[PDB]
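Below you'll find the structure, written out as structure tokens, and then a few comments.
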Amino acid sequence: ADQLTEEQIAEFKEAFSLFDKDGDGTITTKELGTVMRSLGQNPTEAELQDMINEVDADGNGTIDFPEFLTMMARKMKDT
């Protein structure tokens, strides 16, 4: 299940909404670094490339909404 407070989801929606202007909820991997920067997050370039190559398995250059959300959960020290 989600491990994010419901109020945080409102902000997360507005950040993704400004970039998923493609119309069905997809963002490009070239702007992938930009959405996280708008949210105030700057991870290592090594992590940036790795989180992209795990989900962009078909190399289509697009990332769907739940994939990006999974990666944002996966980078923490879980319990």
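Each chain of the structure tokens is named A, B, ... in the order shown, its residues numbered from 1; ligands are numbered from 1 in display order.
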
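Using only C-alpha atoms, the protein and nucleic acid residues lying no more than 12 Å from residue 26 of chain A, apart from those fewer than 3 places from it along its own chain, are residues 16, 17, 18, 19, 20, 21, 22, 23, 29, 31, 32, 60, 61, 62, 63, 64, 65, 66, 67 and 68 of chain A.
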
Given the selection you just returned, output its residues as a file containing N, CA and C atoms, formatted as a short mmCIF file (atom, residue, chain, number, x, y, z; two decimals), in the first residue's frame.
```
data_model
loop_
_atom_site.label_atom_id
_atom_site.label_comp_id
_atom_site.auth_asym_id
_atom_site.auth_seq_id
_atom_site.Cartn_x
_atom_site.Cartn_y
_atom_site.Cartn_z
N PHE A 16 3.25 16.29 -11.25
CA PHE A 16 3.20 15.37 -12.40
C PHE A 16 2.30 15.97 -13.48
N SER A 17 1.20 16.59 -13.06
CA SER A 17 0.23 17.21 -13.98
C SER A 17 0.82 18.26 -14.91
N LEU A 18 1.84 18.98 -14.45
CA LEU A 18 2.45 20.02 -15.28
C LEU A 18 3.34 19.42 -16.38
N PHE A 19 3.79 18.19 -16.16
CA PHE A 19 4.69 17.52 -17.11
C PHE A 19 3.98 16.46 -17.97
N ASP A 20 2.88 15.90 -17.50
CA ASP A 20 2.14 14.86 -18.26
C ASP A 20 1.12 15.43 -19.26
N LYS A 21 1.48 16.57 -19.83
CA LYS A 21 0.64 17.27 -20.81
C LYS A 21 0.41 16.48 -22.10
N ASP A 22 0.97 15.29 -22.17
CA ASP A 22 0.85 14.42 -23.34
C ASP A 22 -0.58 13.91 -23.52
N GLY A 23 -1.36 13.97 -22.44
CA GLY A 23 -2.79 13.71 -22.52
C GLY A 23 -3.31 12.43 -21.89
N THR A 29 11.32 10.56 -20.57
CA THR A 29 12.49 10.32 -19.71
C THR A 29 13.49 11.51 -19.74
N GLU A 31 12.61 14.66 -19.45
CA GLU A 31 12.11 15.63 -18.50
C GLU A 31 11.98 14.97 -17.11
N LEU A 32 12.34 13.69 -17.02
CA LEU A 32 12.27 12.92 -15.75
C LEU A 32 13.12 13.59 -14.66
N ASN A 60 11.22 2.97 -25.12
CA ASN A 60 10.29 3.84 -25.84
C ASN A 60 10.43 5.30 -25.40
N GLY A 61 11.19 5.53 -24.33
CA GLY A 61 11.49 6.87 -23.88
C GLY A 61 10.39 7.56 -23.09
N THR A 62 9.37 6.81 -22.70
CA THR A 62 8.23 7.35 -21.97
C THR A 62 8.08 6.60 -20.68
N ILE A 63 7.57 7.28 -19.67
CA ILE A 63 7.42 6.68 -18.35
C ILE A 63 5.99 6.96 -17.87
N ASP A 64 5.29 5.88 -17.55
CA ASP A 64 3.92 5.93 -17.08
C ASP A 64 3.84 6.35 -15.60
N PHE A 65 2.70 6.92 -15.20
CA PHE A 65 2.52 7.40 -13.82
C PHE A 65 2.86 6.39 -12.70
N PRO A 66 2.33 5.16 -12.73
CA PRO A 66 2.71 4.33 -11.57
C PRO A 66 4.19 3.95 -11.53
N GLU A 67 4.87 3.90 -12.67
CA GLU A 67 6.29 3.53 -12.69
C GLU A 67 7.08 4.58 -11.91
N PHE A 68 6.89 5.86 -12.24
CA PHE A 68 7.59 6.96 -11.55
C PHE A 68 7.29 6.95 -10.04
#
```

Which is closer to residue 48 of chain A than all the others in A:33, A:5, A:27, A:15, using only C-alpha atoms?
A:33

Step one, run DSSP on the backbone; step two, keep only residues of segment 9-75 of chain A assigned to strand (DSSP E); then write them as a PyMOL selection string.
chain A and resi 26-28+62-64

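In this structure, atom CA of residue 54 of chain A sits 24.9 Å away from atom CA of residue 14 of chain A.
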
DSSP helix (DSSP H, G or I) residues within chain A, as a PDB file with N, CA and C atoms, in the first residue's frame:
```
ATOM      1  N   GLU A   6      -1.858  11.538   2.779  1.00  0.00           N
ATOM      2  CA  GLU A   6      -2.801  11.957   1.746  1.00  0.00           C
ATOM      3  C   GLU A   6      -2.635  13.404   1.268  1.00  0.00           C
ATOM      4  N   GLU A   7      -2.165  14.271   2.144  1.00  0.00           N
ATOM      5  CA  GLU A   7      -1.919  15.676   1.793  1.00  0.00           C
ATOM      6  C   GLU A   7      -0.753  15.782   0.812  1.00  0.00           C
ATOM      7  N   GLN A   8       0.243  14.914   0.942  1.00  0.00           N
ATOM      8  CA  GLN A   8       1.413  14.933   0.054  1.00  0.00           C
ATOM      9  C   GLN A   8       1.008  14.548  -1.377  1.00  0.00           C
ATOM     10  N   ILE A   9      -0.041  13.762  -1.503  1.00  0.00           N
ATOM     11  CA  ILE A   9      -0.502  13.301  -2.820  1.00  0.00           C
ATOM     12  C   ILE A   9      -0.986  14.489  -3.646  1.00  0.00           C
ATOM     13  N   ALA A  10      -1.576  15.479  -2.989  1.00  0.00           N
ATOM     14  CA  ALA A  10      -2.107  16.657  -3.703  1.00  0.00           C
ATOM     15  C   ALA A  10      -0.946  17.389  -4.404  1.00  0.00           C
ATOM     16  N   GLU A  11       0.179  17.543  -3.713  1.00  0.00           N
ATOM     17  CA  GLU A  11       1.354  18.202  -4.283  1.00  0.00           C
ATOM     18  C   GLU A  11       1.954  17.343  -5.395  1.00  0.00           C
ATOM     19  N   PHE A  12       2.034  16.036  -5.156  1.00  0.00           N
ATOM     20  CA  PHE A  12       2.604  15.107  -6.126  1.00  0.00           C
ATOM     21  C   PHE A  12       1.792  15.157  -7.432  1.00  0.00           C
ATOM     22  N   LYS A  13       0.478  15.246  -7.310  1.00  0.00           N
ATOM     23  CA  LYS A  13      -0.404  15.331  -8.471  1.00  0.00           C
ATOM     24  C   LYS A  13      -0.116  16.596  -9.263  1.00  0.00           C
ATOM     25  N   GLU A  14       0.019  17.730  -8.598  1.00  0.00           N
ATOM     26  CA  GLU A  14       0.265  19.004  -9.309  1.00  0.00           C
ATOM     27  C   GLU A  14       1.626  19.005 -10.012  1.00  0.00           C
ATOM     28  N   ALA A  15       2.634  18.376  -9.425  1.00  0.00           N
ATOM     29  CA  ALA A  15       3.948  18.317 -10.061  1.00  0.00           C
ATOM     30  C   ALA A  15       3.932  17.434 -11.318  1.00  0.00           C
ATOM     31  N   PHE A  16       3.253  16.290 -11.251  1.00  0.00           N
ATOM     32  CA  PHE A  16       3.202  15.370 -12.398  1.00  0.00           C
ATOM     33  C   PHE A  16       2.304  15.974 -13.477  1.00  0.00           C
ATOM     34  N   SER A  17       1.205  16.594 -13.058  1.00  0.00           N
ATOM     35  CA  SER A  17       0.226  17.208 -13.982  1.00  0.00           C
ATOM     36  C   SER A  17       0.816  18.263 -14.906  1.00  0.00           C
ATOM     37  N   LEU A  18       1.837  18.979 -14.452  1.00  0.00           N
ATOM     38  CA  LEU A  18       2.447  20.024 -15.282  1.00  0.00           C
ATOM     39  C   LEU A  18       3.336  19.419 -16.376  1.00  0.00           C
ATOM     40  N   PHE A  19       3.792  18.191 -16.157  1.00  0.00           N
ATOM     41  CA  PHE A  19       4.689  17.524 -17.108  1.00  0.00           C
ATOM     42  C   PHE A  19       3.982  16.457 -17.972  1.00  0.00           C
ATOM     43  N   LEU A  32      12.337  13.695 -17.017  1.00  0.00           N
ATOM     44  CA  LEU A  32      12.267  12.919 -15.752  1.00  0.00           C
ATOM     45  C   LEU A  32      13.117  13.587 -14.656  1.00  0.00           C
ATOM     46  N   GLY A  33      14.253  14.133 -15.040  1.00  0.00           N
ATOM     47  CA  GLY A  33      15.105  14.825 -14.086  1.00  0.00           C
ATOM     48  C   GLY A  33      14.487  16.149 -13.664  1.00  0.00           C
ATOM     49  N   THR A  34      13.605  16.700 -14.485  1.00  0.00           N
ATOM     50  CA  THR A  34      13.026  18.016 -14.225  1.00  0.00           C
ATOM     51  C   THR A  34      11.884  17.954 -13.225  1.00  0.00           C
ATOM     52  N   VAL A  35      11.032  16.951 -13.319  1.00  0.00           N
ATOM     53  CA  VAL A  35       9.922  16.842 -12.378  1.00  0.00           C
ATOM     54  C   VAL A  35      10.473  16.651 -10.966  1.00  0.00           C
ATOM     55  N   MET A  36      11.510  15.855 -10.790  1.00  0.00           N
ATOM     56  CA  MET A  36      12.042  15.659  -9.437  1.00  0.00           C
ATOM     57  C   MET A  36      12.765  16.912  -8.944  1.00  0.00           C
ATOM     58  N   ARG A  37      13.310  17.716  -9.850  1.00  0.00           N
ATOM     59  CA  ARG A  37      13.979  18.935  -9.443  1.00  0.00           C
ATOM     60  C   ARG A  37      12.936  19.945  -9.006  1.00  0.00           C
ATOM     61  N   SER A  38      11.785  19.957  -9.644  1.00  0.00           N
ATOM     62  CA  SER A  38      10.719  20.889  -9.257  1.00  0.00           C
ATOM     63  C   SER A  38      10.217  20.537  -7.841  1.00  0.00           C
ATOM     64  N   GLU A  45      23.559  11.066 -10.253  1.00  0.00           N
ATOM     65  CA  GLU A  45      23.332  10.818 -11.676  1.00  0.00           C
ATOM     66  C   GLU A  45      23.306   9.296 -11.915  1.00  0.00           C
ATOM     67  N   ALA A  46      24.041   8.558 -11.103  1.00  0.00           N
ATOM     68  CA  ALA A  46      24.052   7.105 -11.197  1.00  0.00           C
ATOM     69  C   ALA A  46      22.668   6.543 -10.858  1.00  0.00           C
ATOM     70  N   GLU A  47      22.008   7.100  -9.853  1.00  0.00           N
ATOM     71  CA  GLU A  47      20.656   6.634  -9.463  1.00  0.00           C
ATOM     72  C   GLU A  47      19.665   7.071 -10.535  1.00  0.00           C
ATOM     73  N   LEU A  48      19.840   8.273 -11.062  1.00  0.00           N
ATOM     74  CA  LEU A  48      18.961   8.788 -12.103  1.00  0.00           C
ATOM     75  C   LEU A  48      18.959   7.878 -13.325  1.00  0.00           C
ATOM     76  N   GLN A  49      20.130   7.482 -13.789  1.00  0.00           N
ATOM     77  CA  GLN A  49      20.233   6.602 -14.962  1.00  0.00           C
ATOM     78  C   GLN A  49      19.684   5.196 -14.652  1.00  0.00           C
ATOM     79  N   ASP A  50      19.936   4.704 -13.448  1.00  0.00           N
ATOM     80  CA  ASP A  50      19.491   3.359 -13.062  1.00  0.00           C
ATOM     81  C   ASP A  50      17.978   3.262 -12.931  1.00  0.00           C
ATOM     82  N   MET A  51      17.325   4.247 -12.319  1.00  0.00           N
ATOM     83  CA  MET A  51      15.871   4.194 -12.171  1.00  0.00           C
ATOM     84  C   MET A  51      15.188   4.311 -13.538  1.00  0.00           C
ATOM     85  N   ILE A  52      15.855   4.942 -14.499  1.00  0.00           N
ATOM     86  CA  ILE A  52      15.303   5.083 -15.847  1.00  0.00           C
ATOM     87  C   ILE A  52      15.430   3.756 -16.590  1.00  0.00           C
ATOM     88  N   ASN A  53      16.587   3.110 -16.535  1.00  0.00           N
ATOM     89  CA  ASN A  53      16.801   1.907 -17.341  1.00  0.00           C
ATOM     90  C   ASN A  53      16.056   0.672 -16.819  1.00  0.00           C
ATOM     91  N   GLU A  54      15.567   0.730 -15.585  1.00  0.00           N
ATOM     92  CA  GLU A  54      14.796  -0.381 -15.044  1.00  0.00           C
ATOM     93  C   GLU A  54      13.374  -0.396 -15.609  1.00  0.00           C
ATOM     94  N   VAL A  55      12.753   0.778 -15.706  1.00  0.00           N
ATOM     95  CA  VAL A  55      11.362   0.875 -16.181  1.00  0.00           C
ATOM     96  C   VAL A  55      11.264   1.061 -17.702  1.00  0.00           C
ATOM     97  N   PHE A  65       2.703   6.922 -15.196  1.00  0.00           N
ATOM     98  CA  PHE A  65       2.522   7.401 -13.818  1.00  0.00           C
ATOM     99  C   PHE A  65       2.863   6.393 -12.701  1.00  0.00           C
ATOM    100  N   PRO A  66       2.326   5.158 -12.735  1.00  0.00           N
ATOM    101  CA  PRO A  66       2.706   4.331 -11.571  1.00  0.00           C
ATOM    102  C   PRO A  66       4.188   3.945 -11.534  1.00  0.00           C
ATOM    103  N   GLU A  67       4.865   3.897 -12.673  1.00  0.00           N
ATOM    104  CA  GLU A  67       6.286   3.530 -12.688  1.00  0.00           C
ATOM    105  C   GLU A  67       7.078   4.580 -11.906  1.00  0.00           C
ATOM    106  N   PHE A  68       6.894   5.855 -12.242  1.00  0.00           N
ATOM    107  CA  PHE A  68       7.587   6.960 -11.547  1.00  0.00           C
ATOM    108  C   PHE A  68       7.294   6.954 -10.045  1.00  0.00           C
ATOM    109  N   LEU A  69       6.052   6.652  -9.682  1.00  0.00           N
ATOM    110  CA  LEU A  69       5.670   6.592  -8.270  1.00  0.00           C
ATOM    111  C   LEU A  69       6.376   5.422  -7.567  1.00  0.00           C
ATOM    112  N   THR A  70       6.514   4.278  -8.238  1.00  0.00           N
ATOM    113  CA  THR A  70       7.235   3.116  -7.673  1.00  0.00           C
ATOM    114  C   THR A  70       8.689   3.497  -7.397  1.00  0.00           C
ATOM    115  N   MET A  71       9.342   4.159  -8.333  1.00  0.00           N
ATOM    116  CA  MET A  71      10.741   4.562  -8.169  1.00  0.00           C
ATOM    117  C   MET A  71      10.912   5.557  -7.030  1.00  0.00           C
ATOM    118  N   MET A  72       9.924   6.415  -6.826  1.00  0.00           N
ATOM    119  CA  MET A  72       9.982   7.403  -5.739  1.00  0.00           C
ATOM    120  C   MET A  72       9.824   6.725  -4.372  1.00  0.00           C
ATOM    121  N   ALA A  73       9.195   5.560  -4.333  1.00  0.00           N
ATOM    122  CA  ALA A  73       9.098   4.797  -3.099  1.00  0.00           C
ATOM    123  C   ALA A  73      10.382   3.962  -2.913  1.00  0.00           C
ATOM    124  N   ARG A  74      10.859   3.340  -3.983  1.00  0.00           N
ATOM    125  CA  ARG A  74      12.031   2.437  -3.930  1.00  0.00           C
ATOM    126  C   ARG A  74      13.346   3.059  -3.475  1.00  0.00           C
TER     127      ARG A  74
END
```

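Separating atom CA of residue 41 of chain A from atom CA of residue 76 of chain A is a distance of 12.5 Å.
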
A:75, A:59, A:2, A:25 ranked by distance to residue 44 of chain A, top pick (using only C-alpha atoms):
A:75
